[PDB]
Every structure is written in C-alpha cells, then in structure tokens.
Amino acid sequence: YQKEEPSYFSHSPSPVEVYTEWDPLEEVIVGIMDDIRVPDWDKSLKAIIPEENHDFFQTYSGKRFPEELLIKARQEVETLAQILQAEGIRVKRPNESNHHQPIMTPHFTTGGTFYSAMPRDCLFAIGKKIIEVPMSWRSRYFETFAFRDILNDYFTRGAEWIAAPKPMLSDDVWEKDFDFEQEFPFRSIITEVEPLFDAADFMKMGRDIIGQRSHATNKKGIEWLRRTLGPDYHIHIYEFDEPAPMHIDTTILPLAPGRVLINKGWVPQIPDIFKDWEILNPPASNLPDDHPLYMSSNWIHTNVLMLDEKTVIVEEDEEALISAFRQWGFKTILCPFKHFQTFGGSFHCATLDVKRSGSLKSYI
C-alpha cells in the first residue's frame, strides 16, 4: 500500500498580516515609475479624469507622459522608499515591465498596460490574505504581473494569496445611458454585470472595514469582498458627496484608534461607526492651481501613510496640513511627492501595508 506525499512547503508564519491602517508598520510594498503608458481613452477614463485634462489624454492616448514630469515623479518615489528603509521597515518593489505592447482578450484590446506605481489599487491585504482585485480598467488587467515575484514569495511562506475572477470587461460593463455632462450626482459608469472593485475604495479598521461604491467598485464587488473575507470582518458601505468618486483614501483616513481624518466638505454626515471617534478635518492644499493633477481632486494631499499610531508621512510643501498634524499631536515625516501626485496618488496609494504588528481587534 502506498503512503501519501508529504507537504511541499515548510511550516512558516505568514509574512502578510495586517488589520488596521495605523499599527506599527513592518513591511510595505512601494510602487515604481518605469516607462509607463497613457491608457487608451475610453469611458472608464472619461468618467473619472478631471475635465481640464481631457484634451491631454485624448491627444496622448496609448502614448507616453511628458518625460520631465516622469523623471521628477520617479525621483520622488525613490526618495519615499529610501525614507521607509531608514525607518526600519522592510520594503518590496515591483519589477519593471513592458507597458507598451498590444494586448488582445476575448472582449477587448489595449495598447498595453498602465503603471506599477499604485499597489494600493490592485492589491487588498487584511489578515493573512492578499487579494488580486478584479479591476474595471482594461489597461490595468495585468497590473499584478509586476508584483508577482513578491506575491509568489509571500505565498511560499504562508500568505493566503488569492484572486477575484478575472473580469471580461466587455462593452457591457459600461452604462449606455450615462450623461458625462452631469457632474452631479454620482451615477456609476460601471454596471453590475460582474464583480468589480479597486482595493483603494476600502480602509481597514480591524474587524471593521469602511468602503464606498464608486466608478471602480460595484455592489457585486463589495459583496465578493464580504464573502471572501468571511464573518470575521464587517464591511460598512457609506456614501459621500465627492463628484465622480474613485478611491476612498482622499475622503476617510483612520489614523489611530478613535481618530479619523475626514474631508469635511465631502462628508456632511459622518459614518455612524465614528460616533465616539475624534474627527479631524484637514485644511486645503497649498499646491498652485497651475500644478497638473491628471487623476484626482485637489485633496490628494490628504492621502497620507501612517507608520504607527502617532507618525504620518505627508507631502513636504503642504505647510497648512503639516502644521495641523503637529497640533493634533502627530510626528510628521516630510517627503516631496507633488510630482508623483500628478499621476493620481500620494503615499497611501503608492504603498501597500502587508505587515503591521498587532492582533485582530474591534475599535468601534
């Protein structure tokens, strides 16, 4: 009689383990800026991108961004990674890849991929799970491939590495009766044909998670996250006043137990899970009006990263915000990032916290 084969992996604790946005950070993924590609102009971009930039994205669809802005964005994210290394944190970076090659799938084609700069959009990590999300942007279909050396490694060492079903993203994804000139109120550009969501529509609070619907995240996608995470976690969905919402990390940022940064202008009614929390309202950005912001509001400066309950990284020229964080009792670590922010994210979007020290608790 034949005996079964022993296990192929050794017994090892998961290098992925994180429950909140604020526990002491131990390991983080940090995006890169390599030879990126302007995505092909379509309805996903048309619904989300600031009206003032439409002429640019239509002109450069499927081609490159200005080299001078990219060189500055590159130096800024390398500076950020060097600062995280200096704070004792393990840092992983995705690989370079060829963003400029034709892509053909059963229901769409693109001129390539997009970028590897925003790991927070394409990966969701809580507990020991790291999830490749089903993204609605066709140019982000293969975005996780650049992170695959990191993911396979986490997997071999005990991480639960799983994925939503890769979407079809046929033209059936888009609303046929959409008015692009009706900036308000929010009507989603994507339908309920399949589960879709970007990880950056959710924020982690232990046994509780806050999220929103957006042009990137539908009800099926939220329900898929609910089911996959299981009954250990509760996802609470709220609705805010931002026109054309995409990610949530410029609206609600938990910074410590009982302390949440909230975009006051877009949140006139605060989620009830914060009734006993201290509410901090961030001042407006000091960026010139001249400064290009291809893929975000003028509130991208609130997209901060917590190294622990009392330490935050914030863009170096945001003096009003920096000053506020200090009065609130936070240590500030300053980093230049305005040119990275042109490309639609700041420190939070550019990172994924995969390990923070602490256990799974309730804070509401």
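Note that residue numbering follows the sequence shown and begins at 1.
The stretch with the higher mean CA B factor, choosing between 70-78 and 146-154, is 70-78. Stretches compared: 274-282, 220-228. Higher mean C-alpha B-factor in the entry: 274-282. Of all the options 91, 244, 159, 169, the entry's greatest CA B-factor is assigned to 244. The PDB entry gives the largest Cα B-factor of the residues 202, 141, 186, 108 to 186. In the deposited entry, the Cα temperature factor of residue 300 places it in the highest third of its chain's modelled residues. In the PDB entry, residue 133 places in the lowest third of its chain by CA B-factor. In the PDB entry, residue 307 places in the middle third of its chain by CA B-factor.
In the PDB entry, residue 288 places in the highest third of its chain by CA B-factor.
The entry lists a Cα temperature factor for residue 251 that places it in the middle third of the chain's modelled residues.
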